[PDB]
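Read on for two forms of one protein chain; each stands alone as structure tokens, with the labels structure 1 and structure 2.
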Structure 1
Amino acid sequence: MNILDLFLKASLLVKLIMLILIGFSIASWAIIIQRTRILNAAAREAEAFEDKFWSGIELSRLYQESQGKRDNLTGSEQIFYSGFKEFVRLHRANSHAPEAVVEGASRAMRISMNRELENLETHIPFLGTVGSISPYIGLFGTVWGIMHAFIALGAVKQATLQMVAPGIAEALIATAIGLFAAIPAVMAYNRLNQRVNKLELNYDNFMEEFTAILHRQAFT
């Protein structure tokens, strides 16, 4: 009955399928606990930065306050620092037309938004593979296990359920574990993509609303 006794006697292929699906379960739970902590920090930080930035503090003060901690900067604060740093560089060192410095700052923001956003979605597409292939890899382990059983059984002159059923019970483990490795990845991948899309929308709106201030500041 105990799972290890059935695992040790199993064929090499279904035994290898168990190590894959257990490996996906181990890794997907680590990725879920790591990503959900990172997205919680990012959501609270972005919400706190919109309340700071729109408080009416001058961008000279808010920039030099930001600049004091540039080594560990992230989210909307990274987008702001990248934009204003390039805006200052172009408007002070070259003094081109307002649109030429503002598009340069807007490009510098677009780069840092993409760079911050792919740092949120680092290992999320792995969960999208685990949630989609894990039940099929489990079912392939089960179909192989049932065939194997019948291959061992087929030498018998008159078969009966009692001698094939232990082989079917051993083979259903790969379907059960193929689902157990899938459920948590399915729940998480669908939810973490909503949370990243909500942050993408927040950063994108911050870029446009800050670009309007750089546009007006340079025009004046």
Structure 2
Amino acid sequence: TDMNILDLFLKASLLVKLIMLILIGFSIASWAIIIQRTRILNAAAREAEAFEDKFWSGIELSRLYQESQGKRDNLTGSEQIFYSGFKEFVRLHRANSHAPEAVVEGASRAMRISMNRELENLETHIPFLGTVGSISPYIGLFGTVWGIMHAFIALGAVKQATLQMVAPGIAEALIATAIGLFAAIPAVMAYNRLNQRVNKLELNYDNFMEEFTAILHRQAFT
């Protein structure tokens, strides 16, 4: 704003020019991750809420297993936690020689991994936001300091140089901090929100894990 829209970092030294690229890239990458993860966590929350309804609807569990087998390549969230648990339970229980209770323990670990593998797939790009939201201020400051050191060096042969022939060079060095903070505010603010969404999905899957292992431990004996 209040400066020529056609002129930028382009004329500056190769290092502040490079710092400009990695910082603006971050901001673009940060916003792309915010949109990708916001869509995915909305979809996962909707699919988990729909599945806890379908599961509590009281239709008998072989129907769930036989229909989920009808779409086994596209299972996600609580349906994929259910499927891995019931798959291991029927496989292991099939070996009636098993310890009646020990079937429940084996099935529960089957779901525990399935939960961790789904929950990791929800998380994939979130630790990058915690990186941008912590290094981006300092990368901005380091870009600015290099810009300042390069503004004075560009006049270091002349002492008569008036402040009017370095002030634009100083302003163009502060941009690296302004971009460096502008990439940080969305990143660390969204990193806290998304981590919290992921914990809500973890607690919802852990609720489903208890609900299923309860009706499983019942069905194993009565």
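Residues that one form lacks are left out of the comparison. Rigid core (definition): largest C-alpha set, two forms, superposition within 1.5 Å. Every residue number counts along structure 1's sequence, beginning with 1.
Engineer: Given a cut-off of 2 Å on Cα movement between structure 1 and structure 2, rigid core as reference, pick the single residue from 169, 159, 48, 41 that exceeds or meets it.
Structural biologist: Going through each option, the one that shifts is 159.
Engineer: Superposed on the rigid core, does the Cα of residue 94 end up 2 angstroms or more away between structure 1 and structure 2?
Structural biologist: Residue 94 C-alpha, core-superposed: shift of 2 Å or more.
Engineer: Any chance you could measure the C-alpha shift of residue 150 between structure 1 and structure 2 with the core superposed, in Å?
Structural biologist: After core superposition, the C-alpha of residue 150 moves 2.1 Å between structure 1 and structure 2.
Engineer: After lining up the core, report the Cα displacement of residue 70 between structure 1 and structure 2 in Å, one decimal place.
Structural biologist: A shift of 0.7 Å.
Engineer: Provide the displacement, in Å, of the CA of residue 6 between structure 1 and structure 2, taking the core as the superposition reference.
Structural biologist: Looking at the C-alpha of residue 6 between structure 1 and structure 2, the offset is 4.1 Å.
Engineer: Please list, in sequence order, every run of 3 or more consecutive shared residues whose CA atoms are displaced by 2 Å or more between structure 1 and structure 2 on a core superposition.
Structural biologist: Those runs whose C-alphas all shift by 2 Å or more are 1 to 6, 93 to 95, 150 to 161.
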